[PDB]
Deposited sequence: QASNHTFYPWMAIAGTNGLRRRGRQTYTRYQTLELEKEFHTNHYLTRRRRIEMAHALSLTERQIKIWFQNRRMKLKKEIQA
């Protein structure tokens, strides 16, 4: 009755690569994400979002 009432997991190599990069820089330029994307068979949007989530994850340590 109530209104409010009504994903792929990345590989071990993909996460490691994203973690590494995040470790160097928390923010990624559009060119950097276009690069990483081709580098890991993920989209530019997926990289963007992965970094948005990783930041919200780091922030959850305040």
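Undergrad: Which deposited-sequence positions, grouped into ranges, are missing C-alpha coordinates?
TA: Residues missing from the model, as numbered along the full deposited sequence, span 1-6, 13-23, 80-81.
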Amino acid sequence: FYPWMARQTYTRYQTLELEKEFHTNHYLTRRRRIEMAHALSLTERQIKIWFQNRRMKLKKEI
From here on, numbers count along this sequence of modelled residues.
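Undergrad: Which wins on mean Cα temperature factor, 17-25 or 50-58?
TA: Per the PDB entry, the higher value belongs to 17-25.
Undergrad: According to the PDB entry, is the CA B factor of residue 32 in the bottom, middle or top third of its chain, that is, lowest, middle or highest?
TA: Middle third, going by the recorded CA B-factors of the chain.
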